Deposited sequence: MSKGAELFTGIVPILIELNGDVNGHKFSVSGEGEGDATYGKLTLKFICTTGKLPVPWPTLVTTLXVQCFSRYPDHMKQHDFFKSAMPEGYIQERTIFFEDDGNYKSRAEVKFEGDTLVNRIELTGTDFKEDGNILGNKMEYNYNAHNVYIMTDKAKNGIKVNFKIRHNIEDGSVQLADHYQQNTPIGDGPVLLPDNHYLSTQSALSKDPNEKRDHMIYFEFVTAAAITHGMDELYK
């Protein structure tokens, strides 16, 4: 295992901050909640702090803390994410939406005191104004995905890839192809994993009494061998 993994044996408070700019539409999101890595469970509430969110909430789910994955005991040697803590890691992505534009993101994920914090900058470009993102044609829901992880030795980190399936209001499915890299912030040794994946499942909900534009988010994640 790792020293960093010891920070996740209980329930850890989470703070998330995102600034986004998609086809020139600027927005910010704040989130808070808690993670339980022993069972691979996360619960988060997000608010669009700038007013109305100009893209669908489902497009932001992957951008908005994989250190909360459950790694079974026999796989603990493969948990890069916790091993990088508390100093943290940089998480970078490019996301290609099928027949549409792309997102690029850079985040820093680290502890500040007792809290695990994820601070993100996101840019989206080349979206179609009548596509499913800017045209807001994505259903308010989420599916199950496998997140594939391998070591990137030259970078002392990992490369990650997966394809998200977004349900569209006409019954179709639009893919979002994710390419991700994570690099440690600190100088300490990290765990560089064998190839494996994270089984991820999620649900998007609302608080009927919350008048702000918001997302209540539930996630369940467990690592598995290939």
Worksheet item: How would you list, in order, the spans of the deposited sequence that the model does not cover?
Response: 65, 228-236
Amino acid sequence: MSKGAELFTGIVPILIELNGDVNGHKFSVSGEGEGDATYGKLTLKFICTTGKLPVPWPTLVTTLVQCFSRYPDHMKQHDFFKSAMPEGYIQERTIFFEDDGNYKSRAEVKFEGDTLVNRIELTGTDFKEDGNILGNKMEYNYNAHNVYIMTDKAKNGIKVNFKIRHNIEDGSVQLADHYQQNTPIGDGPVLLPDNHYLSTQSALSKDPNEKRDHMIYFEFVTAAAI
From here on, numbers count along this sequence of modelled residues.
Worksheet item: Looking at the deposited entry, does 169-177 or 185-193 carry the larger mean Cα B-factor?
Response: 185-193
Worksheet item: Mean CA B-factor: is it higher for 99-107 or for 77-85?
Response: 77-85
Worksheet item: Highest CA temperature factor in the entry: which of 143, 136, 118, 146?
Response: 136
Discussion item. Is residue 125 in the lowest, middle or highest third of its chain when residues are ranked by C-alpha B-factor?
Written reply: middle
Fill in: Chain third (lowest, middle, highest) by recorded CA B-factor, residue given as residue 38
highest
Practice prompt. Report the third (lowest, middle or highest) to which the CA temperature factor of residue 163 belongs, ranking only the modelled residues of the same chain.
Written response: lowest
Fill in: Third of chain Cα B-factors occupied by residue 54
highest
Worksheet item: What third of its chain's C-alpha B-factors does residue 11 belong to: lowest, middle or highest?
Response: highest
